[PDB]
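*Asks:* To be precise about what I am sending: the file is called query_27.json and holds JSON, N, CA and C atoms.
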```json
[["chain", "number", "residue", "atom", "x", "y", "z"],
["A", 1, "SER", "N", 37.09, 16.90, 48.04],
["A", 1, "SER", "CA", 37.76, 18.23, 47.99],
["A", 1, "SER", "C", 38.81, 18.28, 49.09],
["A", 2, "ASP", "N", 38.84, 19.38, 49.83],
["A", 2, "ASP", "CA", 39.60, 19.42, 51.06],
["A", 2, "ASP", "C", 38.64, 19.36, 52.26],
["A", 3, "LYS", "N", 38.07, 20.51, 52.63],
["A", 3, "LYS", "CA", 37.34, 20.60, 53.88],
["A", 3, "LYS", "C", 35.83, 20.36, 53.73],
["A", 4, "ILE", "N", 35.38, 20.22, 52.49],
["A", 4, "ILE", "CA", 33.97, 20.06, 52.17],
["A", 4, "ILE", "C", 33.60, 18.59, 52.09],
["A", 5, "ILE", "N", 32.48, 18.21, 52.72],
["A", 5, "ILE", "CA", 32.00, 16.83, 52.71],
["A", 5, "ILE", "C", 31.14, 16.58, 51.48],
["A", 6, "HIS", "N", 31.50, 15.57, 50.72],
["A", 6, "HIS", "CA", 30.73, 15.19, 49.56],
["A", 6, "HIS", "C", 29.75, 14.13, 50.00],
["A", 7, "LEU", "N", 28.54, 14.59, 50.30],
["A", 7, "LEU", "CA", 27.48, 13.74, 50.84],
["A", 7, "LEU", "C", 26.86, 12.82, 49.80],
["A", 8, "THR", "N", 26.31, 11.69, 50.26],
["A", 8, "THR", "CA", 25.42, 10.85, 49.47],
["A", 8, "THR", "C", 24.08, 10.62, 50.24],
["A", 9, "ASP", "N", 23.09, 9.97, 49.61],
["A", 9, "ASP", "CA", 21.85, 9.67, 50.33],
["A", 9, "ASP", "C", 22.11, 8.73, 51.50],
["A", 10, "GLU", "N", 23.01, 7.77, 51.30],
["A", 10, "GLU", "CA", 23.40, 6.79, 52.32],
["A", 10, "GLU", "C", 24.22, 7.42, 53.46],
["A", 11, "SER", "N", 25.08, 8.38, 53.11],
["A", 11, "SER", "CA", 25.98, 8.99, 54.10],
["A", 11, "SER", "C", 25.39, 10.17, 54.89],
["A", 12, "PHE", "N", 24.19, 10.63, 54.51],
["A", 12, "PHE", "CA", 23.58, 11.86, 55.06],
["A", 12, "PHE", "C", 23.33, 11.82, 56.57],
["A", 13, "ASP", "N", 22.63, 10.79, 57.05],
["A", 13, "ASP", "CA", 22.44, 10.60, 58.49],
["A", 13, "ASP", "C", 23.73, 10.75, 59.30],
["A", 14, "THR", "N", 24.72, 9.92, 59.03],
["A", 14, "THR", "CA", 26.00, 10.02, 59.77],
["A", 14, "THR", "C", 26.67, 11.37, 59.62],
["A", 15, "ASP", "N", 26.69, 11.87, 58.38],
["A", 15, "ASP", "CA", 27.47, 13.06, 58.05],
["A", 15, "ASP", "C", 26.84, 14.33, 58.56],
["A", 16, "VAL", "N", 25.51, 14.38, 58.57],
["A", 16, "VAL", "CA", 24.78, 15.63, 58.89],
["A", 16, "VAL", "C", 23.99, 15.48, 60.20],
["A", 17, "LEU", "N", 23.17, 14.43, 60.28],
["A", 17, "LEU", "CA", 22.22, 14.22, 61.37],
["A", 17, "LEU", "C", 22.86, 13.80, 62.69],
["A", 18, "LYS", "N", 23.94, 13.02, 62.61],
["A", 18, "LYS", "CA", 24.66, 12.56, 63.79],
["A", 18, "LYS", "C", 25.88, 13.41, 64.11],
["A", 19, "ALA", "N", 26.07, 14.52, 63.41],
["A", 19, "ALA", "CA", 27.27, 15.34, 63.60],
["A", 19, "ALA", "C", 27.14, 16.28, 64.80],
["A", 20, "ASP", "N", 28.14, 16.26, 65.67],
["A", 20, "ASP", "CA", 28.15, 17.15, 66.83],
["A", 20, "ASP", "C", 28.57, 18.60, 66.50],
["A", 21, "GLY", "N", 27.71, 19.27, 65.74],
["A", 21, "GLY", "CA", 27.83, 20.70, 65.52],
["A", 21, "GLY", "C", 27.04, 21.13, 64.30],
["A", 22, "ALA", "N", 27.51, 22.20, 63.68],
["A", 22, "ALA", "CA", 26.78, 22.89, 62.64],
["A", 22, "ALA", "C", 27.30, 22.44, 61.30],
["A", 23, "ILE", "N", 26.37, 22.11, 60.41],
["A", 23, "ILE", "CA", 26.70, 21.69, 59.06],
["A", 23, "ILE", "C", 25.90, 22.57, 58.09],
["A", 24, "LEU", "N", 26.60, 23.29, 57.20],
["A", 24, "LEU", "CA", 25.95, 24.03, 56.11],
["A", 24, "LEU", "C", 25.85, 23.12, 54.89],
["A", 25, "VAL", "N", 24.64, 22.62, 54.60],
["A", 25, "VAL", "CA", 24.41, 21.74, 53.46],
["A", 25, "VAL", "C", 23.95, 22.57, 52.25],
["A", 26, "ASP", "N", 24.56, 22.31, 51.09],
["A", 26, "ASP", "CA", 24.24, 22.88, 49.80],
["A", 26, "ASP", "C", 23.55, 21.83, 48.91],
["A", 27, "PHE", "N", 22.25, 22.01, 48.60],
["A", 27, "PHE", "CA", 21.56, 21.14, 47.63],
["A", 27, "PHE", "C", 21.69, 21.84, 46.26],
["A", 28, "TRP", "N", 22.19, 21.08, 45.27],
["A", 28, "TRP", "CA", 22.63, 21.64, 44.02],
["A", 28, "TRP", "C", 22.63, 20.59, 42.93],
["A", 29, "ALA", "N", 22.81, 21.04, 41.68],
["A", 29, "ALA", "CA", 22.86, 20.17, 40.50],
["A", 29, "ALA", "C", 23.83, 20.78, 39.49],
["A", 30, "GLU", "N", 24.40, 19.94, 38.62],
["A", 30, "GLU", "CA", 25.46, 20.41, 37.69],
["A", 30, "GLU", "C", 24.94, 21.38, 36.60],
["A", 31, "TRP", "N", 23.68, 21.21, 36.20],
["A", 31, "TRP", "CA", 23.02, 22.06, 35.20],
["A", 31, "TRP", "C", 22.63, 23.45, 35.73],
["A", 32, "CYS", "N", 22.70, 23.61, 37.05],
["A", 32, "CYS", "CA", 22.22, 24.79, 37.72],
["A", 32, "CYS", "C", 23.32, 25.86, 37.75],
["A", 33, "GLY", "N", 23.11, 26.91, 36.98],
["A", 33, "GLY", "CA", 24.07, 28.00, 36.90],
["A", 33, "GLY", "C", 24.38, 28.68, 38.22],
["A", 34, "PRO", "N", 23.33, 29.12, 38.95],
["A", 34, "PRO", "CA", 23.49, 29.72, 40.29],
["A", 34, "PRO", "C", 24.21, 28.82, 41.32],
["A", 35, "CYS", "N", 24.01, 27.51, 41.23],
["A", 35, "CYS", "CA", 24.72, 26.52, 42.08],
["A", 35, "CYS", "C", 26.22, 26.56, 41.77],
["A", 36, "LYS", "N", 26.57, 26.56, 40.48],
["A", 36, "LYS", "CA", 27.98, 26.61, 40.13],
["A", 36, "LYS", "C", 28.60, 27.95, 40.51],
["A", 37, "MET", "N", 27.80, 29.03, 40.51],
["A", 37, "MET", "CA", 28.27, 30.37, 40.95],
["A", 37, "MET", "C", 28.72, 30.39, 42.40],
["A", 38, "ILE", "N", 27.99, 29.69, 43.27],
["A", 38, "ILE", "CA", 28.24, 29.74, 44.72],
["A", 38, "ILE", "C", 29.29, 28.72, 45.20],
["A", 39, "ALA", "N", 29.62, 27.75, 44.35],
["A", 39, "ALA", "CA", 30.61, 26.71, 44.67],
["A", 39, "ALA", "C", 31.96, 27.29, 45.15],
["A", 40, "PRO", "N", 32.57, 28.23, 44.39],
["A", 40, "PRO", "CA", 33.82, 28.78, 44.87],
["A", 40, "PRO", "C", 33.66, 29.58, 46.16],
["A", 41, "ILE", "N", 32.46, 30.10, 46.42],
["A", 41, "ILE", "CA", 32.22, 30.88, 47.63],
["A", 41, "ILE", "C", 32.17, 29.90, 48.83],
["A", 42, "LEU", "N", 31.54, 28.75, 48.62],
["A", 42, "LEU", "CA", 31.50, 27.66, 49.60],
["A", 42, "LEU", "C", 32.90, 27.16, 49.98],
["A", 43, "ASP", "N", 33.82, 27.09, 49.01],
["A", 43, "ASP", "CA", 35.22, 26.72, 49.26],
["A", 43, "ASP", "C", 35.85, 27.69, 50.25],
["A", 44, "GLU", "N", 35.59, 28.98, 50.05],
["A", 44, "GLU", "CA", 36.17, 30.03, 50.89],
["A", 44, "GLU", "C", 35.60, 29.97, 52.29],
["A", 45, "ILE", "N", 34.30, 29.71, 52.37],
["A", 45, "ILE", "CA", 33.58, 29.61, 53.64],
["A", 45, "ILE", "C", 34.08, 28.40, 54.42],
["A", 46, "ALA", "N", 34.19, 27.26, 53.73],
["A", 46, "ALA", "CA", 34.78, 26.05, 54.31],
["A", 46, "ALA", "C", 36.11, 26.37, 54.97],
["A", 47, "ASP", "N", 36.98, 27.06, 54.24],
["A", 47, "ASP", "CA", 38.25, 27.54, 54.78],
["A", 47, "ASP", "C", 38.04, 28.45, 55.99],
["A", 48, "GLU", "N", 37.24, 29.50, 55.81],
["A", 48, "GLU", "CA", 37.11, 30.59, 56.79],
["A", 48, "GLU", "C", 36.35, 30.25, 58.06],
["A", 49, "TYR", "N", 35.42, 29.32, 57.95],
["A", 49, "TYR", "CA", 34.62, 28.90, 59.10],
["A", 49, "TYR", "C", 35.10, 27.57, 59.69],
["A", 50, "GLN", "N", 36.35, 27.20, 59.38],
["A", 50, "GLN", "CA", 37.04, 26.07, 60.01],
["A", 50, "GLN", "C", 36.84, 26.11, 61.52],
["A", 51, "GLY", "N", 36.26, 25.05, 62.07],
["A", 51, "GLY", "CA", 36.09, 24.95, 63.52],
["A", 51, "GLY", "C", 34.82, 25.60, 64.03],
["A", 52, "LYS", "N", 34.06, 26.20, 63.13],
["A", 52, "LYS", "CA", 32.76, 26.73, 63.49],
["A", 52, "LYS", "C", 31.70, 25.74, 62.94],
["A", 53, "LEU", "N", 31.97, 25.48, 61.64],
["A", 53, "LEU", "CA", 31.04, 24.64, 60.87],
["A", 53, "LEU", "C", 31.71, 23.75, 59.87],
["A", 54, "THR", "N", 30.97, 22.79, 59.31],
["A", 54, "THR", "CA", 31.53, 22.09, 58.13],
["A", 54, "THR", "C", 30.58, 22.36, 56.95],
["A", 55, "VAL", "N", 31.14, 22.55, 55.76],
["A", 55, "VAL", "CA", 30.33, 22.68, 54.55],
["A", 55, "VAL", "C", 30.16, 21.29, 53.94],
["A", 56, "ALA", "N", 28.95, 21.00, 53.46],
["A", 56, "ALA", "CA", 28.65, 19.72, 52.86],
["A", 56, "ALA", "C", 27.79, 19.93, 51.62],
["A", 57, "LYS", "N", 28.00, 19.11, 50.60],
["A", 57, "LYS", "CA", 27.30, 19.34, 49.34],
["A", 57, "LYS", "C", 26.59, 18.08, 48.97],
["A", 58, "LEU", "N", 25.32, 18.21, 48.56],
["A", 58, "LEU", "CA", 24.54, 17.06, 48.10],
["A", 58, "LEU", "C", 24.03, 17.40, 46.72],
["A", 59, "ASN", "N", 24.48, 16.63, 45.74],
["A", 59, "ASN", "CA", 24.02, 16.79, 44.38],
["A", 59, "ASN", "C", 22.72, 16.03, 44.26],
["A", 60, "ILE", "N", 21.66, 16.72, 43.85],
["A", 60, "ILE", "CA", 20.28, 16.23, 43.98],
["A", 60, "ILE", "C", 19.87, 15.29, 42.84],
["A", 61, "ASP", "N", 20.70, 15.23, 41.80],
["A", 61, "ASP", "CA", 20.55, 14.29, 40.71],
["A", 61, "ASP", "C", 21.23, 12.96, 41.02],
["A", 62, "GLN", "N", 22.46, 13.04, 41.51],
["A", 62, "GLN", "CA", 23.20, 11.83, 41.86],
["A", 62, "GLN", "C", 22.64, 11.22, 43.14],
["A", 63, "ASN", "N", 22.04, 12.07, 43.98],
["A", 63, "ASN", "CA", 21.43, 11.66, 45.25],
["A", 63, "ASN", "C", 20.00, 12.20, 45.41],
["A", 64, "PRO", "N", 19.02, 11.55, 44.74],
["A", 64, "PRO", "CA", 17.63, 12.00, 44.64],
["A", 64, "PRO", "C", 16.74, 11.75, 45.87],
["A", 65, "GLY", "N", 17.23, 10.99, 46.85],
["A", 65, "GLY", "CA", 16.41, 10.66, 48.03],
["A", 65, "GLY", "C", 16.28, 11.74, 49.11],
["A", 66, "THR", "N", 17.36, 12.46, 49.37],
["A", 66, "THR", "CA", 17.42, 13.35, 50.55],
["A", 66, "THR", "C", 16.60, 14.65, 50.49],
["A", 67, "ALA", "N", 16.64, 15.37, 49.35],
["A", 67, "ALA", "CA", 16.03, 16.72, 49.22],
["A", 67, "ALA", "C", 14.50, 16.79, 49.45],
["A", 68, "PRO", "N", 13.74, 15.77, 48.99],
["A", 68, "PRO", "CA", 12.29, 15.70, 49.31],
["A", 68, "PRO", "C", 11.99, 15.66, 50.82],
["A", 69, "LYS", "N", 12.91, 15.11, 51.62],
["A", 69, "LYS", "CA", 12.75, 15.06, 53.07],
["A", 69, "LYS", "C", 12.79, 16.46, 53.71],
["A", 70, "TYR", "N", 13.38, 17.42, 53.00],
["A", 70, "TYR", "CA", 13.50, 18.81, 53.47],
["A", 70, "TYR", "C", 12.69, 19.82, 52.65],
["A", 71, "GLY", "N", 11.78, 19.30, 51.81],
["A", 71, "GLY", "CA", 10.89, 20.14, 51.00],
["A", 71, "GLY", "C", 11.61, 21.00, 49.98],
["A", 72, "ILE", "N", 12.84, 20.60, 49.62],
["A", 72, "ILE", "CA", 13.62, 21.38, 48.66],
["A", 72, "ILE", "C", 12.90, 21.46, 47.31],
["A", 73, "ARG", "N", 12.82, 22.69, 46.79],
["A", 73, "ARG", "CA", 12.31, 22.95, 45.45],
["A", 73, "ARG", "C", 13.39, 23.67, 44.64],
["A", 74, "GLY", "N", 13.49, 24.98, 44.77],
["A", 74, "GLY", "CA", 14.49, 25.77, 44.05],
["A", 74, "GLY", "C", 15.91, 25.48, 44.50],
["A", 75, "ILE", "N", 16.84, 25.46, 43.54],
["A", 75, "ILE", "CA", 18.25, 25.27, 43.87],
["A", 75, "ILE", "C", 19.09, 26.45, 43.38],
["A", 76, "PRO", "N", 20.23, 26.72, 44.03],
["A", 76, "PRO", "CA", 20.73, 26.05, 45.22],
["A", 76, "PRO", "C", 19.87, 26.36, 46.46],
["A", 77, "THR", "N", 19.66, 25.37, 47.32],
["A", 77, "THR", "CA", 19.13, 25.63, 48.66],
["A", 77, "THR", "C", 20.21, 25.28, 49.69],
["A", 78, "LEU", "N", 20.58, 26.27, 50.50],
["A", 78, "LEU", "CA", 21.48, 26.11, 51.62],
["A", 78, "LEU", "C", 20.74, 25.95, 52.96],
["A", 79, "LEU", "N", 20.91, 24.79, 53.60],
["A", 79, "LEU", "CA", 20.35, 24.53, 54.94],
["A", 79, "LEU", "C", 21.44, 24.54, 56.06],
["A", 80, "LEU", "N", 21.27, 25.42, 57.06],
["A", 80, "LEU", "CA", 22.10, 25.35, 58.25],
["A", 80, "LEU", "C", 21.53, 24.35, 59.29],
["A", 81, "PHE", "N", 22.22, 23.21, 59.45],
["A", 81, "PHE", "CA", 21.87, 22.20, 60.45],
["A", 81, "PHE", "C", 22.68, 22.47, 61.70],
["A", 82, "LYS", "N", 22.06, 22.35, 62.86],
["A", 82, "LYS", "CA", 22.79, 22.43, 64.11],
["A", 82, "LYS", "C", 22.45, 21.15, 64.85],
["A", 83, "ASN", "N", 23.43, 20.27, 64.96],
["A", 83, "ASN", "CA", 23.23, 18.99, 65.61],
["A", 83, "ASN", "C", 22.03, 18.20, 65.08],
["A", 84, "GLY", "N", 21.86, 18.19, 63.76],
["A", 84, "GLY", "CA", 20.88, 17.33, 63.12],
["A", 84, "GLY", "C", 19.57, 18.02, 62.83],
["A", 85, "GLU", "N", 19.44, 19.27, 63.29],
["A", 85, "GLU", "CA", 18.19, 20.00, 63.19],
["A", 85, "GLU", "C", 18.39, 21.27, 62.35],
["A", 86, "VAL", "N", 17.53, 21.49, 61.37],
["A", 86, "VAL", "CA", 17.62, 22.69, 60.53],
["A", 86, "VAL", "C", 17.29, 23.94, 61.33],
["A", 87, "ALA", "N", 18.24, 24.87, 61.37],
["A", 87, "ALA", "CA", 18.09, 26.18, 62.01],
["A", 87, "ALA", "C", 17.74, 27.34, 61.03],
["A", 88, "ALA", "N", 18.23, 27.27, 59.79],
["A", 88, "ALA", "CA", 18.13, 28.38, 58.83],
["A", 88, "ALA", "C", 18.16, 27.86, 57.40],
["A", 89, "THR", "N", 17.46, 28.56, 56.51],
["A", 89, "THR", "CA", 17.17, 28.16, 55.13],
["A", 89, "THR", "C", 17.46, 29.37, 54.21],
["A", 90, "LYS", "N", 18.27, 29.15, 53.18],
["A", 90, "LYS", "CA", 18.55, 30.17, 52.17],
["A", 90, "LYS", "C", 18.35, 29.56, 50.79],
["A", 91, "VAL", "N", 17.40, 30.10, 50.04],
["A", 91, "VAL", "CA", 17.10, 29.60, 48.68],
["A", 91, "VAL", "C", 17.61, 30.60, 47.65],
["A", 92, "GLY", "N", 18.30, 30.10, 46.62],
["A", 92, "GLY", "CA", 18.82, 30.96, 45.58],
["A", 92, "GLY", "C", 20.27, 31.33, 45.82],
["A", 93, "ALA", "N", 20.93, 31.84, 44.79],
["A", 93, "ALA", "CA", 22.31, 32.28, 44.93],
["A", 93, "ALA", "C", 22.39, 33.54, 45.75],
["A", 94, "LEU", "N", 23.56, 33.76, 46.29],
["A", 94, "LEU", "CA", 23.81, 34.91, 47.09],
["A", 94, "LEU", "C", 25.32, 35.13, 47.06],
["A", 95, "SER", "N", 25.76, 36.32, 47.44],
["A", 95, "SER", "CA", 27.18, 36.63, 47.43],
["A", 95, "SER", "C", 27.89, 36.11, 48.68],
["A", 96, "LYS", "N", 29.22, 36.16, 48.68],
["A", 96, "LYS", "CA", 30.00, 35.79, 49.85],
["A", 96, "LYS", "C", 29.62, 36.64, 51.07],
["A", 97, "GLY", "N", 29.54, 37.96, 50.86],
["A", 97, "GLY", "CA", 29.20, 38.93, 51.90],
["A", 97, "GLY", "C", 27.85, 38.62, 52.49],
["A", 98, "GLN", "N", 26.90, 38.24, 51.63],
["A", 98, "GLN", "CA", 25.58, 37.86, 52.09],
["A", 98, "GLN", "C", 25.56, 36.52, 52.85],
["A", 99, "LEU", "N", 26.27, 35.51, 52.32],
["A", 99, "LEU", "CA", 26.37, 34.19, 52.98],
["A", 99, "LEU", "C", 26.97, 34.33, 54.38],
["A", 100, "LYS", "N", 28.06, 35.10, 54.49],
["A", 100, "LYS", "CA", 28.72, 35.42, 55.76],
["A", 100, "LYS", "C", 27.73, 35.93, 56.80],
["A", 101, "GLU", "N", 26.94, 36.92, 56.39],
["A", 101, "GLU", "CA", 25.91, 37.51, 57.24],
["A", 101, "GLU", "C", 24.84, 36.51, 57.65],
["A", 102, "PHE", "N", 24.41, 35.68, 56.70],
["A", 102, "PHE", "CA", 23.46, 34.59, 56.98],
["A", 102, "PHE", "C", 24.03, 33.65, 58.04],
["A", 103, "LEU", "N", 25.30, 33.30, 57.90],
["A", 103, "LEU", "CA", 25.94, 32.33, 58.81],
["A", 103, "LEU", "C", 26.18, 32.93, 60.18],
["A", 104, "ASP", "N", 26.75, 34.12, 60.22],
["A", 104, "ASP", "CA", 27.08, 34.77, 61.50],
["A", 104, "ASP", "C", 25.84, 34.97, 62.35],
["A", 105, "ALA", "N", 24.74, 35.35, 61.70],
["A", 105, "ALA", "CA", 23.48, 35.62, 62.37],
["A", 105, "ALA", "C", 22.84, 34.33, 62.86],
["A", 106, "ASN", "N", 23.05, 33.23, 62.16],
["A", 106, "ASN", "CA", 22.35, 32.00, 62.50],
["A", 106, "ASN", "C", 23.18, 30.99, 63.32],
["A", 107, "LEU", "N", 24.47, 31.26, 63.40],
["A", 107, "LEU", "CA", 25.37, 30.39, 64.12],
["A", 107, "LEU", "C", 25.31, 30.65, 65.61],
["A", 108, "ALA", "N", 24.92, 31.88, 65.98],
["A", 108, "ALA", "CA", 24.85, 32.30, 67.38],
["A", 108, "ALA", "C", 23.71, 31.62, 68.11]]
```
Give the structure from the file, written as structure tokens.

*Replies:*
Amino acid sequence: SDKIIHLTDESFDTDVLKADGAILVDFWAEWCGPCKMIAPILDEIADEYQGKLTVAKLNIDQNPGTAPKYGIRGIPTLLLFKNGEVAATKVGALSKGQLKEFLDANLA
């Protein structure tokens, strides 16, 4: 894309775990309606939170190894990582206004 990291199972450690800051990871799948709903909202957030965080997306079908490590069940699941460590968990779709509030509250 532009500002969004397209993660793989192989690239996850470097991209998320070794990253010096906050990474909002989206676990999602193409068949998942709610996941496709939040995709354009993630684009806006990627834009708007430039220099605060990076948005990263892991498709759980193309990359089946990573999500079991984080107990992911329902999708979309959004995980806020701060320097390799999960700080906050959001399961299910949510609006832009809601995502903003989730991020602002957990980024501090």

*Asks:* Between A:66, A:1, A:8, A:98, which has the minimum distance to residue 46 in chain A (counting only C-alpha atoms)?

*Replies:*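 Smallest distance to residue 46 in chain A is found for A:1.
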
*Asks:* Would you list, as a ChimeraX atom specification, the residues of range 28-99 of chain A that end up in strand (DSSP E) under DSSP run on this structure's backbone?

*Replies:* /A:28,53-59,77-82,85-91

*Asks:* Measuring atom to atom with only C-alpha atoms, identify which of A:60, A:7, A:22, A:75 is nearest to residue 88 in chain A.

*Replies:*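 Looking only at the distances to residue 88 in chain A, the closest residue turns out to be A:22.
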
*Asks:* Name the residues of chain A that come out as alpha helix (DSSP H) in a backbone DSSP run; write them as a ChimeraX atom specification.

*Replies:* /A:12,33-48,96-107

*Asks:* Using all atoms listed in the file, can you tell me which of A:42, A:78, A:34, A:86 comes closest to residue 55 in chain A?

*Replies:* A:42

*Asks:* Could you pull out every residue with an atom within 12 Å of (21.8, 10.4, 42.8), file coordinates, counting only C-alpha atoms, and send them as a ChimeraX atom specification?

*Replies:* /A:7-10,27-30,58-67

*Asks:* When you draw a straight line from CA of residue 83 in chain A to atom C of residue 15 in chain A, how long is it in Å?

*Replies:* 9.2 Å

*Asks:* For residue 18 in chain A, which residue among A:97, A:40, A:84, A:92 is the nearest when counting only C-alpha atoms?

*Replies:*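 Checking each of A:97, A:40, A:84, A:92 against residue 18 in chain A, counting only C-alpha atoms, the winner is A:84.
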
*Asks:* Choose the residue, out of A:12, A:72, A:100, A:4, that has the smallest atom-to-atom separation from residue 43 in chain A; count all atoms listed in the file.

*Replies:*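 For residue 43 in chain A, the nearest of the given residues is A:4.
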
*Asks:* When you draw a straight line from atom N of residue 48 in chain A to atom C of residue 2 in chain A, how long is it in Å?

*Replies:*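 Going from atom N of residue 48 in chain A over to atom C of residue 2 in chain A, I get 10.8 Å.
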
*Asks:* In Å, rounded to a single decimal, give me how far CA of residue 23 in chain A is from CA of residue 70 in chain A.

*Replies:*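 Taking CA of residue 70 in chain A and CA of residue 23 in chain A, their separation equals 14.6 Å.
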
*Asks:* Which of these, A:94, A:99, A:80, A:107, has the shortest distance to residue 38 in chain A once you count only N, CA and C atoms?

*Replies:*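 Among the listed residues, the smallest separation from residue 38 in chain A belongs to A:94.
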